[PDB]
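Participant: Dumping the structure here so I can ask a few things about it.
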Amino acid sequence: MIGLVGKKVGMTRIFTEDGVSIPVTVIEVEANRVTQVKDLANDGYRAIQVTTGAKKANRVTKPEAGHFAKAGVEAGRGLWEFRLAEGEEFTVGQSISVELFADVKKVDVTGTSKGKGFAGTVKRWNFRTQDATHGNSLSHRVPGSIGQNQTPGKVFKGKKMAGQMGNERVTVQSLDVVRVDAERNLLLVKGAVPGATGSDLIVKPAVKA
Amino acid sequence: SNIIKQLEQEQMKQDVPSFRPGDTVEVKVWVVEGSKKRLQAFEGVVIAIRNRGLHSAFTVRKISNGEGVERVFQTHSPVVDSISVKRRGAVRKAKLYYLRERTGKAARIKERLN
Amino acid sequence: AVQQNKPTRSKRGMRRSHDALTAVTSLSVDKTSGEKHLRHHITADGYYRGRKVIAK
Amino acid sequence: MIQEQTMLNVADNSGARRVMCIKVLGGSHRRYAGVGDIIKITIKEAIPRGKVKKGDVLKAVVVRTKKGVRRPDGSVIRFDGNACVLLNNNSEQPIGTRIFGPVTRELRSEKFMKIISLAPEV
Amino acid sequence: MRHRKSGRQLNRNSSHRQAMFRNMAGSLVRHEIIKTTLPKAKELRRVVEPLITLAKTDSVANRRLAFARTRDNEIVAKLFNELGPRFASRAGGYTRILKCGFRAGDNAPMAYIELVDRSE
RNA sequence: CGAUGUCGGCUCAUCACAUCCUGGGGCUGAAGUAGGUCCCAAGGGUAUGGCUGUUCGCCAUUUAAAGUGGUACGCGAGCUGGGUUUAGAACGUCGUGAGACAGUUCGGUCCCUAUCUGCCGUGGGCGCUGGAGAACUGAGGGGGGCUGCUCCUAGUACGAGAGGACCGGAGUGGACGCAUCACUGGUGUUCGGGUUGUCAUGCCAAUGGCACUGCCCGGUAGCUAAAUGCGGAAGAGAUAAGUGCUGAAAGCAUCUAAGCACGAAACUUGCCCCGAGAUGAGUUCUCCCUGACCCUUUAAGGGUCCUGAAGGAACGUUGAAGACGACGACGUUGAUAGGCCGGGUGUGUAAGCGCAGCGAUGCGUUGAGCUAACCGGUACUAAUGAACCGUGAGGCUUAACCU
RNA sequence: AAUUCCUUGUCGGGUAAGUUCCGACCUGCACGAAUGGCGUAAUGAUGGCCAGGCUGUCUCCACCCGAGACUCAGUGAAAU
RNA sequence: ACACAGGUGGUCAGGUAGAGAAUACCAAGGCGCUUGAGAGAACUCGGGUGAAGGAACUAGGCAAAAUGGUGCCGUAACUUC
RNA sequence: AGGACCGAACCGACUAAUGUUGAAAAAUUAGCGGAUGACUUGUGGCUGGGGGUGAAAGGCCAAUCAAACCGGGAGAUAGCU
């Protein structure tokens, strides 16, 4: 089905009754409220665009405010879009709550991971370090060789070298949802999800079997 | 983190006794052996306490019929059934890891009595 | 480690296409003294946001 | 966290006193032995008329580690010294009849049931 | 990679920073307005303002505690005798930074950091 | 030959298939288990050590397996320099001798700041035909595909017994990859404490400087891994070898010629990520701009005045974002940073004073004092009114409507 | 054997496993008696091997402190 | 060749701790090394610490770690005593 | 007493790393050897090119050594580029 947009609150644990600690991530999922519905007859695909949270009145621009004003909804902190599953139906301005996950049993959580900046190939690609002694001259963490010789005389595409690690979309699949709390607007999933605390998540039902 | 602070304190057990490192402590622990749920006892000197609310641990060191054992316990686990303080102990540090190097008469902790 | 054909003056100016300095772009006018200064900085007479400061 | 080249003590009374691990069995490029994992050992020291003599190559199961085991609540159990019980090489179930020191609840299995019938604690 | 770490390093080691802020805090207490670089001003806040709040409560232990930090006895006279009772109701915000251009010698972004009264 | 560095090790690969494993299958001198041999198959996987300079090899112990080759016997402007193969020295041997021997032995300088291509990242300009803010579809591209063991089916099928399944399902590992910091830990020269030498703050007491952070003991946040979560799939489509069904040419037979069905980790999808410079520059939603007047070599021509929108940029406070740009948050109708307040955490019961003791010291006030990056608050300080860029309804032709 | 090609000779010791090392054998390709033979206590920044301790050498790297590297201002090369 | 991390003979030689002209901190005295300001990436250099293991590294324990003082006890083979 | 032992000055230069268009045409840093002797050092002197000197390496003789440097024979000669 569709998913909901959360916010990574942090991690805790949930002691079970038989004494098994479960590492959970707390995801506050407020009222995701639908701002646009997309049909084949106008867009070629069925999908809903939701917003969540709240934004300052002076910080939302006039394009954006006109969009949310047409939808008849309060401006949120962003717009996201979920593809619909052929028998689902939503209306504009409809609110969607964490209660949707009261049946789902296992979810997939998509966020932007923590940006580690320009990372070298030992951090980035798990290259193995060369000797730390035994003669080695200024080449301890360096990548070694990068290709062959006259044949090809080029470095191939997607050679693993150093550069920006982190700060990109990653999806963690098949996380066990531990609690759905409709009162406090919370979703407790088992495990770590991507992102620092306060980062926006996207929690969908698991597509894997 | 009022969400997490509110959510953890719903799980914290209330009757955890006040102990500090240096104390001899009996900890009764639920041990499950197939169908029977036994409760066994682990008595030793507290050598370390981490206080973090729900994530509070404490390390207890025993010299069990041979060599020495350190159990770290999660204080607010339902496994950890009872904590009782046998002998109150007088030390000066907060983490007593030097006792890992001492046996017998050298690993001997004075009593606190106040 | 060193070039193998001398680069042209074309390629040289292409590399320097980004070395251009940006102008100030407009510097703001004090409330009391009415004189000009960088924004968020104090003026040459030593005012800032219409009140007298330093005074050396 | 026992790997090759690691000198372990001996928990049973098979005759060995100090052994060395020579492989961690159970997979390819497997690095570590652990809680109740089988290793192959060589005997680096023995008592003068034990069942196993110096320089024999046989199996053992690790029963205590300095690194320790983690329980499902997050609690760890570290020992002070790594120790093994020397199993028989072909068909296991170990050599010695006594077992010294404590063991852990993670040898609660079929085979090592013998090891926890002995073994004064846990 | 630095994530949530606080404190500029200022191209010095730890003992030279500690010494440098001890002197520079002494100078800001002494003269009430000094011209420094903009990063050194911004770190001087986090060194200086705790001395003022320590000075808001006069006792022998705070005089000695503000003489371990700062290491000058005139300075812990002006704190505790003048500045501590001067602020006394001001909750934080004992000092303001006023950006004031660039040096000539190395084009560094200077700034005048001053105490927040100077009503004299 | 006005120099193309040559073994081996390391780091890092990459392709072929004449396949080592895993997958499909035919024949078997294939009962089962395990095999032998041949066809198909390149998805992924494909040891650690002793000895030796060694590749190789032998050995030890693993493993599902420890493939065979190409890539200047891949890789020295990436590392090493053990071997070969400079200059010293010695042995055996050859020569009268200088010396010599891919015979042996000991010792013996490995430079380069990257212009171009390539590659990994990351921006600026312009374009996309009025400008701008967002959300998207998706052409296309990349990542990922490994596998053991245990249990059930079932000690059934098979076999005289020993032994012992196919197909199907459940669990739990190894190696690999992604994320993360709740736990267990590491670090934590920015926090607390102990302590040696010496110097200073007049002195006692208390502190501070210097000695690798003086040496240590703990330790917050962050980062982290040995820590903990997750992943590799099911399924679909078209097939390889192979197996067929109906069926003639060839009144039989025949899997093929017409027609039809199965069929594998390969192939196209399914899963994850990038992605409209996809110049074939797409879509959707929203927002803004509704003035006059001259000149001419009358053109999507030039100019003057008045206007300056949506928005952006600059500046500032900055960030679990960051080499710099970039990206994100906030700028007073404001929690963006600092301070402050409360808490937490860490250390471990400060200083002063009192009492006991001849004194070192101990005890009381006292779990005290001090507490970094943490948490919850608070406008006290700094985030200034403005200026700057961006315009004024957006070409031609044709078509369908103007209900 | 600083000497032995065949050769990692053969046996033994050490090792889980030892082309090196120690002891021995002797079929010395091609030792051998002042171009000295064989022993040899002490000595050696000498060559080879083993062991205890010790460790980031390594499994497998992680974090931190500093100096560059990166940005700004000033000066301003070089091989080719 | 330089306002060059090099070379250059003699003389004086305070305190505390120390065997000491070593070493640490200081006095007299002299200096802060003639580019600075930021930031806090990879990578390089100089260092600190490190779970479990402890030479598995490697040509080879190279490098690092470790040991380290004074007094007393005690001390093997072999030996030219 | 000692070509005695440990160890600074002093003389040296075993290992590693840096440096290698260096700070330096041979050094720096951390360890390292000798350190009353066949030692080390200052000032002066003497030995000279097929010659010196050499605890011997073909080492050293002014950053030059299987025959110094300067000047000359000299525009040596070059079937080679």
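Residue numbers (the working numbering), protein chains in the order written: chain A, 3 to 211; chain B, 58 to 171; chain C, 1279 to 1334; chain D, 122 to 243; chain E, 8 to 127.
Think of the CB as a built atom: it goes at the ideal place given N, C-alpha and C, for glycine as much as any other residue.
Does A:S23 get closer than 8 angstroms to chain B when you measure Cβ to Cβ?
Facilitator: Answer yes: the Cβ-Cβ gap between A:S23 and chain B drops below 8 angstroms somewhere.
Participant: For E:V67, count the other beta carbons within 10 Å of its own beta carbon; 16 or more makes it buried, fewer makes it exposed. Which is it?
Facilitator: exposed
Participant: Tell me which same chain residues have a C-beta within less than 6 angstroms of the C-beta of E:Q25, skipping the five on either side of it?
Facilitator: For E:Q25, where only same-chain residues beyond five positions count, there are no Cβ hits under 6 angstroms.
Participant: Of the residues that make up the stretch 6-18 of chain A, which ones have a beta carbon closer than 9 angstroms to any beta carbon in chain B?
Facilitator: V11, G12, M13, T14, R15, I16, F17, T18
Participant: For C:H1319, name the three-state secondary structure that DSSP assigns.
Facilitator: strand
Participant: With a threshold of 8 angstroms between beta carbons, is B:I61 in contact with chain A?
Facilitator: yes
Participant: Enumerate in chain order the residues of its own chain whose CB-to-CB distance from D:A132 is below 6 angstroms, with the five nearest sequence positions on each side excluded.
Facilitator: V184, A204, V206, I220, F221, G222
Participant: Which residues in the same chain have their Cβ closer than 7 angstroms to the Cβ of A:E30, if we skip the five residues on either side of it in sequence?
Facilitator: Shown here for A:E30: same chain residues with a beta carbon closer than 7 angstroms to its own, the five before and five after excluded, namely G8, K9, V11, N187, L188 in chain order.
Participant: Going by DSSP, what residues sit across from A:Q38 in a beta bridge?
Facilitator: A:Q51
Participant: Closest to B:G125 by CA distance: which of D:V140, D:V224, D:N134 is it?
Facilitator: D:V224
Participant: Roughly how many angstroms lie between the CA atoms of A:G78 and A:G200, to the nearest whole one?
Facilitator: Their backbone Cα atoms lie some 15 angstroms apart in a straight line.
Participant: Under the three-state reduction of DSSP, which class applies to A:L190: helix, strand or coil?
Facilitator: It is a strand residue.
Participant: So, helix, strand or coil for A:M13, using DSSP?
Facilitator: DSSP places A:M13 in strand when its eight states are reduced to three.
Participant: Using Cβ-Cβ distances below 7 angstroms, what residues of the stretch 167-197 of chain D are close to chain A?
Facilitator: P193, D194, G195
Participant: Within the 8 angstroms Cβ cut-off, does E:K106 reach chain C?
Facilitator: yes
Participant: A:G119 versus chain E: which residues are under 8 angstroms apart at the beta carbon?
Facilitator: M8
Participant: Once the 5 residues before and after D:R229 are set aside, which same chain residues still bring their CB inside 7 angstroms of it?
Facilitator: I237
Participant: In this structure, what does DSSP give as the bridge partners for B:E83?
Facilitator: According to DSSP, B:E83 bridges with B:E100, B:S141.
Participant: Thinking C-beta only, is E:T102 closer than 8 angstroms to E:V123?
Facilitator: Yes, the Cβ-Cβ distance between E:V123 and E:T102 is below 8 angstroms.
Participant: Kindly indicate which residue of E:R76, E:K63, E:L35 has the alpha-carbon position closest to the one of E:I120.
Facilitator: Comparing Cα-Cα distances from E:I120 to each of E:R76, E:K63, E:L35, the minimum goes to E:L35.
Participant: Should the stretch 122-132 of chain A be called in touch with the stretch 146-162 of chain A, which here means at least 3 C-beta pairs below 8 angstroms?
Facilitator: yes
Participant: Should A:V39 be labelled buried (16 or more other beta-carbon atoms within 10 Å of its own) or exposed?
Facilitator: The residue in question, A:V39, is buried, as its Cβ has 16 or more Cβ neighbours within 10 Å.
Participant: Please confirm whether A:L203 has its beta-carbon closer than 8 angstroms to some beta-carbon of chain B.
Facilitator: no
Participant: With a CB to CB cut of under 7 angstroms and the five nearest residues on each side skipped, what residues in its chain are close to B:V142?
Facilitator: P74, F76, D80, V82
Participant: Taking the alpha helix (DSSP H) that A:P65 belongs to, which residues open and close that run?
Facilitator: 64-73
Participant: For the beta strand (DSSP E) that A:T173 lies in, which residues bound it at each end?
Facilitator: 171-177
Participant: When we look at the beta-carbon of B:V137 and count the other beta-carbons within 10 Å, is it buried (16 or more) or exposed?
Facilitator: buried
Participant: Since C:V1331 meets chain E, which of its residues come closer than 7 angstroms, beta carbon to beta carbon?
Facilitator: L105
Participant: Alpha carbon to alpha carbon, how far is E:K85 from E:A75?
Facilitator: 15 angstroms
Participant: Count the CB pairs spanning the stretch 113-121 of chain A and the stretch 168-182 of chain A that are closer than 8 angstroms, and state whether there are at least three.
Facilitator: yes
Participant: Taking Cβ positions, are D:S196 and B:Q97 nearer each other than 8 angstroms?
Facilitator: no
Participant: Assuming A:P207 contacts A:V106 under a Cβ cut-off of 8 angstroms, what Cβ separation, rounded to an integer in Å, is found between them?
Facilitator: 5 angstroms
Participant: Would you mind reading off the limits of the alpha helix (DSSP H) that contains E:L90?
Facilitator: 90-94
Participant: Residues of chain E with CB under 8 angstroms from C:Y1326, in chain order?
Facilitator: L105
Participant: Does B:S121 get closer than 8 angstroms to chain D when you measure Cβ to Cβ?
Facilitator: True, the Cβ-Cβ gap to chain D drops below 8 angstroms.
Participant: Measure the CB-CB distance between A:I4 and A:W82 and report whether it falls below 8 angstroms.
Facilitator: no
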